[PDB]
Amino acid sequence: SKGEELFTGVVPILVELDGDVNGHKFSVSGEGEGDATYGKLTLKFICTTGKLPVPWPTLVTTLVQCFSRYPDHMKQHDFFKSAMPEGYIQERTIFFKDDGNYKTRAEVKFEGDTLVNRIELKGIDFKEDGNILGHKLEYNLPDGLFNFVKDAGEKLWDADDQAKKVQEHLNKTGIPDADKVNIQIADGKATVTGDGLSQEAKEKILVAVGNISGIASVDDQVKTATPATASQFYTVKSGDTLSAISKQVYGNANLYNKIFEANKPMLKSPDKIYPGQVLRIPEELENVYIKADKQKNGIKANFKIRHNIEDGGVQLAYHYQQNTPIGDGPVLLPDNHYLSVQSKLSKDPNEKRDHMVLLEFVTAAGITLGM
């Protein structure tokens, strides 16, 4: 198990992708670094040929799982590092439901002190007005400033006494940790400041202040003691039901109670949603499932990605993966396990080329009972 030595600290990363999707050719270069002790990746990608013809999110999985955090009890199962520095070949087919597919072949290996991921991608059969080539997928979840339908929500005053009325509302309705934030109201703009809340507790506070009549935006100045993926925020439409919303955002109405619970105690029952109300849509988690493929000396994985569609819905991307070592030295062939991935996409306001900034955390784990 030599290869783990190479990952004990911060390691620079080069990524190069040459892609052609339905004859639309493009290239991507990536620079940054990974820290496998923390399963952490910090990378920025640039479309070097111009504008990217597909949504950036659809390329994330293709654009170095040797940087996954494998805890001590899991190191027996870390195929990815055991193949270093000679590396591995990583191949996938990605089936976008009701649309085209990507086929990818990548070489992942050290070149000097740098871990390099060189990729060839070919996409075919996509609908030129589909969600992919039509650029209908949301890039990321809005940060920092959240917008609400200004005149929707609880009526706390007619048209610091305003911020006082808000704080009393948060308290009276039972919003957890309302006593750990400070509210400021400036002409339809609320600023919420606080420290050491959960991601979930923060989100419930933000939504409860925004769902007040006369509040058009909420400035999230709240630090979470600990990150974690944010939820989607959904604006209720005339005619909506929680069941129909669930069908759109998750794919089935049978997850409607997931939305209801995630918006308690602000929301008292499924029938009390109203047009213009913002609701938290908690992530439906997807894991990466890995298995060994010994008579090929590597591993297989399967998983799916949920890509949010901008104007409502989810585009599923089914992934099937095979990894084969490049070197002939023995490698670790793991037991069945899974990886848990948290990813955040952002933009450099000063960058002018088509790009993607990526922050990612990945951890390994053993298959659970509920699985």
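Throughout, we count residues from 1 along the sequence that is shown.
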Unmodelled stretch from the deposited sequence between residue 63 and residue 64, which bin: none, 1 to 3, 4 to 9, 10 or more? 1 to 3
As recorded in the PDB entry, how many deposited residues are without coordinates between residue 159 and residue 160: none, 1 to 3, 4 to 9, or 10 or more? 4 to 9
Which is higher on average in the deposited entry, the C-alpha temperature factors of 242-250 or of 196-204? 196-204
Mean B factor on CA atoms, stretches 300-308 and 43-51, record says higher is 43-51
Based on what the PDB entry reports, which of 285, 132, 185, 108 has the top C-alpha B-factor? 185
If you rank the chain by CA B-factor, which third does residue 314 end up in: lowest, middle or highest? middle
Which third, lowest, middle or highest, does the C-alpha temperature factor of residue 329 belong to within its own chain? highest
When the deposited Cα B-factors of this chain's modelled residues are ordered and cut into thirds, is residue 12 in the lowest, the middle or the highest one? lowest
Chain-relative C-alpha B factor for residue 277 (record values, thirds): the lowest
Among the chain's modelled residues, which third holds the C-alpha B-factor of residue 103? middle
